[PDB]
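Quick setup: one chain, the form deposited in one PDB entry, written in structure tokens, and binding and motion questions come after.
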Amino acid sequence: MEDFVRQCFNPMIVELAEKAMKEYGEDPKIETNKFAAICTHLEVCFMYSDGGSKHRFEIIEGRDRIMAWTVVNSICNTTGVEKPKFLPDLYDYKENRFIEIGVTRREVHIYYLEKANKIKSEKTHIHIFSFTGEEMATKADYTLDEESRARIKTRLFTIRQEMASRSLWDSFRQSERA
């Protein structure tokens, strides 16, 4: 599983995931499903940012804390958009809203509710993906076109397939908590 992540995710994603884990005092070499999840979520974040036109999204996920809030506060100032309680993952310049992107090994509707309840926002859009084709976005507005979405859902499927080929999937599938 450690080998699978090192192999299937690019080196910048793997370094970010390491740093995030070590900041909570966890060891990527032992909490390898968490490691994998983090990498997976980051890749989805970047993929999604690339689904727009050229300048459509601002990436927030993947940045250190000071920079991430610098971006967020700067947007809130230059747009009147209200200030989220938690860092989001993206800002959408076209829809003028922050996005929270979830990637779940469970079911999309449950993770959506959990995410909605943790956020406190009538205003941050939430978009959840699974490894088996499901999405659930706020007010059924999936933001990107179906082809962008499909490239994301397919990549997640491919990840799941690759894990299962290495017998990592059962364990990975069962590692996410409420």
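Just count from 1 along the sequence shown to find any residue number. For clarity, a rigid core is taken as the largest C-alpha set superposing within 1.5 Å between two forms.
Beyond what is shown, the protein has a form deposited in another entry; the following relates to that form.
After a rigid core superposition, would you say the CA of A164 moves by 2 angstroms or more between the shown form and the other one, or not?
Comparing the forms between the shown form and the other one, which are aligned on their rigid core, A164 does not shift its C-alpha by 2 Å or more.
Look at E135 and decide if its Cα position differs by 2 Å or more between the shown form and the other one after superposing on the rigid core.
Moves: no, less than 2 Å.
Taking the rigid core as the superposition reference, indicate whether the CA of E26 shifts 2 angstroms or more between the shown form and the other one.
Yes, the C-alpha moves 2 Å or more.
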